[PDB]
$ cat run-v6.cif   # mmCIF, C-alpha atoms; chains and numbers go by the auth columns
data_work
loop_
_atom_site.group_PDB
_atom_site.id
_atom_site.type_symbol
_atom_site.label_atom_id
_atom_site.label_comp_id
_atom_site.label_asym_id
_atom_site.label_seq_id
_atom_site.Cartn_x
_atom_site.Cartn_y
_atom_site.Cartn_z
_atom_site.B_iso_or_equiv
_atom_site.auth_seq_id
_atom_site.auth_asym_id
ATOM 1 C CA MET A 1 0.000 0.000 0.000 0.00 76 A
ATOM 2 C CA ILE A 2 1.211 3.524 -0.531 0.00 77 A
ATOM 3 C CA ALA A 3 0.201 3.523 3.085 0.00 78 A
ATOM 4 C CA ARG A 4 0.337 6.979 4.520 0.00 79 A
ATOM 5 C CA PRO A 5 3.480 7.926 6.278 0.00 80 A
ATOM 6 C CA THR A 6 4.974 9.734 9.048 0.00 81 A
ATOM 7 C CA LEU A 7 4.382 13.238 7.638 0.00 82 A
ATOM 8 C CA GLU A 8 7.031 14.483 10.067 0.00 83 A
ATOM 9 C CA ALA A 9 10.457 14.767 8.331 0.00 84 A
ATOM 10 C CA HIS A 10 10.230 17.155 5.352 0.00 85 A
ATOM 11 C CA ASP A 11 11.118 20.789 4.627 0.00 86 A
ATOM 12 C CA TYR A 12 8.193 20.775 2.148 0.00 87 A
ATOM 13 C CA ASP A 13 4.488 20.133 2.907 0.00 88 A
ATOM 14 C CA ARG A 14 3.223 17.270 0.670 0.00 89 A
ATOM 15 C CA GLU A 15 -0.496 17.843 1.453 0.00 90 A
ATOM 16 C CA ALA A 16 -0.340 19.760 -1.815 0.00 91 A
ATOM 17 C CA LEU A 17 1.621 16.892 -3.444 0.00 92 A
ATOM 18 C CA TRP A 18 -0.546 14.100 -1.884 0.00 93 A
ATOM 19 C CA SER A 19 -3.787 16.157 -2.380 0.00 94 A
ATOM 20 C CA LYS A 20 -2.848 15.985 -6.034 0.00 95 A
ATOM 21 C CA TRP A 21 -2.629 12.184 -5.727 0.00 96 A
ATOM 22 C CA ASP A 22 -5.976 12.000 -3.886 0.00 97 A
ATOM 23 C CA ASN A 23 -7.610 14.083 -6.649 0.00 98 A
ATOM 24 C CA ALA A 24 -5.789 12.101 -9.387 0.00 99 A
ATOM 25 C CA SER A 25 -7.919 9.706 -11.482 0.00 100 A
ATOM 26 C CA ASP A 26 -7.920 5.959 -10.697 0.00 101 A
ATOM 27 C CA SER A 27 -6.090 5.269 -13.972 0.00 102 A
ATOM 28 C CA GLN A 28 -3.205 7.602 -12.996 0.00 103 A
ATOM 29 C CA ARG A 29 -2.684 6.044 -9.531 0.00 104 A
ATOM 30 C CA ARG A 30 -2.938 2.612 -11.151 0.00 105 A
ATOM 31 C CA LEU A 31 -0.200 3.564 -13.668 0.00 106 A
ATOM 32 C CA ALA A 32 2.060 4.745 -10.823 0.00 107 A
ATOM 33 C CA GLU A 33 1.398 1.485 -8.951 0.00 108 A
ATOM 34 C CA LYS A 34 2.458 -0.542 -12.019 0.00 109 A
ATOM 35 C CA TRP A 35 5.792 1.317 -12.346 0.00 110 A
ATOM 36 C CA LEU A 36 6.497 1.161 -8.577 0.00 111 A
ATOM 37 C CA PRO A 37 7.439 -2.614 -8.328 0.00 112 A
ATOM 38 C CA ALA A 38 9.739 -2.320 -11.385 0.00 113 A
ATOM 39 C CA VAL A 39 11.747 0.654 -10.060 0.00 114 A
ATOM 40 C CA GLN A 40 11.921 -0.908 -6.586 0.00 115 A
ATOM 41 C CA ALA A 41 13.051 -4.321 -7.906 0.00 116 A
ATOM 42 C CA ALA A 42 15.739 -2.630 -10.031 0.00 117 A
ATOM 43 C CA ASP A 43 17.170 -0.920 -6.925 0.00 118 A
ATOM 44 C CA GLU A 44 17.674 -4.328 -5.259 0.00 119 A
ATOM 45 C CA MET A 45 19.570 -5.606 -8.330 0.00 120 A
ATOM 46 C CA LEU A 46 21.866 -2.552 -8.491 0.00 121 A
ATOM 47 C CA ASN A 47 22.557 -2.975 -4.764 0.00 122 A
ATOM 48 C CA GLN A 48 23.816 -6.513 -5.455 0.00 123 A
ATOM 49 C CA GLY A 49 26.266 -4.939 -7.951 0.00 124 A
ATOM 50 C CA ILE A 50 24.700 -6.702 -10.968 0.00 125 A
ATOM 51 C CA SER A 51 25.720 -5.280 -14.367 0.00 126 A
ATOM 52 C CA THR A 52 23.257 -2.564 -15.433 0.00 127 A
ATOM 53 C CA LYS A 53 22.646 -4.312 -18.779 0.00 128 A
ATOM 54 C CA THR A 54 21.795 -7.586 -17.047 0.00 129 A
ATOM 55 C CA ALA A 55 19.819 -5.772 -14.334 0.00 130 A
ATOM 56 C CA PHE A 56 17.703 -3.813 -16.853 0.00 131 A
ATOM 57 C CA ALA A 57 17.528 -6.737 -19.309 0.00 132 A
ATOM 58 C CA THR A 58 16.211 -9.052 -16.570 0.00 133 A
ATOM 59 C CA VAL A 59 13.645 -6.436 -15.488 0.00 134 A
ATOM 60 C CA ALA A 60 12.622 -5.746 -19.105 0.00 135 A
ATOM 61 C CA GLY A 61 12.360 -9.511 -19.635 0.00 136 A
ATOM 62 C CA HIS A 62 10.106 -10.069 -16.603 0.00 137 A
ATOM 63 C CA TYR A 63 8.322 -6.690 -17.013 0.00 138 A
ATOM 64 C CA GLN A 64 6.989 -5.588 -20.426 0.00 139 A
ATOM 65 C CA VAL A 65 8.514 -2.085 -20.189 0.00 140 A
ATOM 66 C CA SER A 66 11.192 -0.281 -22.219 0.00 141 A
ATOM 67 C CA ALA A 67 14.613 -0.618 -20.558 0.00 142 A
ATOM 68 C CA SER A 68 15.392 2.941 -21.726 0.00 143 A
ATOM 69 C CA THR A 69 12.143 4.297 -20.225 0.00 144 A
ATOM 70 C CA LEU A 70 12.702 2.654 -16.832 0.00 145 A
ATOM 71 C CA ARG A 71 16.322 3.870 -16.614 0.00 146 A
ATOM 72 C CA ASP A 72 15.302 7.524 -17.213 0.00 147 A
ATOM 73 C CA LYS A 73 12.633 7.285 -14.488 0.00 148 A
ATOM 74 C CA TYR A 74 14.970 5.493 -12.041 0.00 149 A
ATOM 75 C CA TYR A 75 17.382 8.459 -11.978 0.00 150 A
ATOM 76 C CA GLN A 76 14.475 10.955 -11.929 0.00 151 A
ATOM 77 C CA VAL A 77 12.926 9.504 -8.718 0.00 152 A
ATOM 78 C CA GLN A 78 16.390 9.383 -7.113 0.00 153 A
ATOM 79 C CA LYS A 79 16.050 13.026 -5.973 0.00 154 A
ATOM 80 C CA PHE A 80 12.549 12.293 -4.588 0.00 155 A
ATOM 81 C CA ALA A 81 12.127 10.431 -1.297 0.00 156 A
ATOM 82 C CA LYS A 82 10.976 6.859 -1.956 0.00 157 A
ATOM 83 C CA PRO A 83 7.617 7.396 -0.085 0.00 158 A
ATOM 84 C CA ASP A 84 6.733 10.225 -2.558 0.00 159 A
ATOM 85 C CA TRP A 85 7.811 8.101 -5.577 0.00 160 A
ATOM 86 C CA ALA A 86 4.189 7.030 -6.004 0.00 161 A
ATOM 87 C CA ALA A 87 3.156 10.707 -6.218 0.00 162 A
ATOM 88 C CA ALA A 88 6.094 11.594 -8.514 0.00 163 A
ATOM 89 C CA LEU A 89 4.957 8.975 -11.073 0.00 164 A
ATOM 90 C CA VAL A 90 1.479 10.590 -11.126 0.00 165 A
ATOM 91 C CA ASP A 91 3.059 13.821 -12.337 0.00 166 A
ATOM 92 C CA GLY A 92 4.018 12.896 -15.914 0.00 167 A
ATOM 93 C CA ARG A 93 4.994 15.496 -18.561 0.00 168 A
#

$ encode --input "run-v6.cif" --output "structure tokens"
Amino acid sequence: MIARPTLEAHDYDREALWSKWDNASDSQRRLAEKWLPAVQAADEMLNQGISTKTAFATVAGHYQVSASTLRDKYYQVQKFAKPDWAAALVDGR
């Protein structure tokens, strides 16, 4: 679950960011949920020091997503705290 966290440690108030999620359509939250297990699984593989090609290839093999698309998003959510990653995926360009 994107449970609901300890809204305690943050120089920025997310109510605005999470209000956006609450008002987002079901399809948008659903899309973010689909991309959340792929980005999270990739982090575990990089932690084990697996080659990026093999790490992304394995993820692209198990998940039907573009390896190039997932890599761009993985670095983009790096600056965002993991708990807000679900909200960051809602905000697409």

$ resolve_selection --input "run-v6.cif" --expression "the PyMOL selection byres ((chain A and resi 125-131) around 10)" --output "VMD selection string"
chain A and resid 113 116 to 124 132 to 138 140 to 143 145 to 146

$ resolve_selection --input "run-v6.cif" --expression "the PyMOL selection byres ((chain A and resi 77) around 8)" --output "list in words"
residues 76, 78, 79, 158 and 161 of chain A

$ atom_distance --input "run-v6.cif" --atom1 "atom CA of residue A:89" --atom2 "atom CA of residue A:147"
23.7 Å

$ atom_distance --input "run-v6.cif" --atom1 "atom CA of residue A:163" --atom2 "atom CA of residue A:107"
8.3 Å

$ residues_around --input "run-v6.cif" --residues "residue A:90" --least-positions-apart "4" --cutoff "12 Å" --atoms "all atoms listed in the file" --output "PyMOL selection string"
chain A and resi 79-80+82-83+85+94-98+159+162
